[PDB]
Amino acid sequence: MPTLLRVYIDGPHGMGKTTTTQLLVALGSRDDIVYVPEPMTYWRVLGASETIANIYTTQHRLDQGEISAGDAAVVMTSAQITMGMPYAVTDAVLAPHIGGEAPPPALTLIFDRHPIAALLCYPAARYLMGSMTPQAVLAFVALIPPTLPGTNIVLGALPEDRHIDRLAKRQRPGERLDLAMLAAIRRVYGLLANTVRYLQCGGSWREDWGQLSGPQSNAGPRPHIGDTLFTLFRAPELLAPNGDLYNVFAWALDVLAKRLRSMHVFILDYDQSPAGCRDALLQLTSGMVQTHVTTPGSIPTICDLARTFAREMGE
C-alpha cells in the first residue's frame, strides 16, 4: 500500500502555527503535500455568524459582570460546538481511509489544529475562565472521536513574554486581547502534552486520583497527575457526597485517557523566525508515524477532500 503522513499543528493561538504550516507545504510538490487550514469561513459565516467575535465578546461581558456565568456558559458551549464541526466532519470522513501504522509517503496532510482543540482545549480553558461548566467540557471530551492510527500532533513552545508581545501585535477580527485566556490556553496545552507523556509512561489516573490537591512529550520522566489534564476535573460539581467522582464523569476521564494515549506528540520551538520554525518542523517530521491507506484510490480521494475543505472553508 502507498502510505500517508498526517501532521496536526496545534496549540495556543498567536504562536505562528498557521504561518509555519504554510511555509512547510510551500516546500513540497503540489500533489504530494496538502494544507488543511483553520475553517475560518465556517466559523465566520457558514456555521454561524462571527463565532470568534461571539466567543471573545461573551467572555468580556462576563468579566464586566453584564451577563451571568450561566448565560456565558450556554453561549460558549454552543459556540464551541460550532467551532469544532468542520474538524469533526473531516475526521469522520477521513477515518475509513486510514489503515495501520507503517520511505517517503505518497501523501502528506498538514492540518491546522486537531479536533481536540475545539473538543477539549478551548472548552477546558473556557472552564478555567469561568465561562463553561466542567460537565460540559466532559461532554465534549466524551464526543472526541476515536484516535486514528498515525496521529502526530505538534504542540508549540514559546516564552509567555514573547507570546504576549506576539499576541499584542496581532489583530484578528472578533478577537479581543485577553491575557487571562492566553494564560489559560497555554496552561491547558502544557497539561495536554504532559497527559500524553503520563499515559505513555503507564500512568493510570484512577490509581493516582488521590494524589490530587491543587513541558514536553515523547521525552522525559512520568509527570505527576497534578501536572496533567486530570487535575482540572477535581471540581466540586463533579464530586459525590462520598467525595469521589461520580461514575459518569470518571467514565469521561477514561475516554480522555484512551484518546490521548495513542497520540504521537512533538514539541516545536516557536521562539525563532518563520523560516526557522519551518525548518525546525521539517526535521521533526523525520520521526513521525505514517500509516497505510485502505484503498489504492484513497490518496486522491483524501487529496480532493483536503483541497475542497481548504477552498471552501479557508480564509
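By rigid core we mean the largest C-alpha set that fits within 1.5 Å across both forms. All residue numbers are counted from 1 along the displayed sequence.
Rigid core superposition in 8 other deposited structures of this protein puts the Cα atoms of one stretch, out of 161-169 and 72-80, farther from the shown form on average, and that stretch is 161-169. With each structure aligned by its rigid core, the stretch whose Cα atoms sit farther from this model in 8 other deposited structures of this protein, between 186-194 and 205-213, is 205-213. Modelled in this chain, residue 174 is nonetheless unresolved in at least one third of the other entries of the protein that span it on both sides. Count the deposited residues lacking coordinates between residue 214 and residue 215 and you get 4 to 9 of them. According to the entry, the deposited sequence places 4 to 9 unmodelled residues between residue 102 and residue 103. As recorded in the PDB entry, 233-241 is the stretch of 233-241 and 83-91 with the greater mean C-alpha temperature factor.
When the two stretches 64-72 and 247-255 are set side by side, the higher mean Cα temperature factor goes to 64-72.
Of all the options 164, 117, 139, 185, the entry's greatest CA B-factor is assigned to 164. Highest CA B-factor among the listed residues (204, 135, 171, 77): 171. Placement of the Cα temperature factor of residue 55 within the chain: middle third of the modelled residues, per the deposited record. Per the PDB record, residue ranking by Cα B-factor puts residue 200 in the middle third of the chain.
Compared with the other modelled residues of the chain, the Cα B-factor recorded for residue 112 ranks in the lowest third. Per the deposited record, the Cα B-factor of residue 313 falls in the middle third when ranked against the other modelled residues of its chain. Per the deposited record, the Cα B-factor of residue 126 falls in the middle third when ranked against the other modelled residues of its chain.
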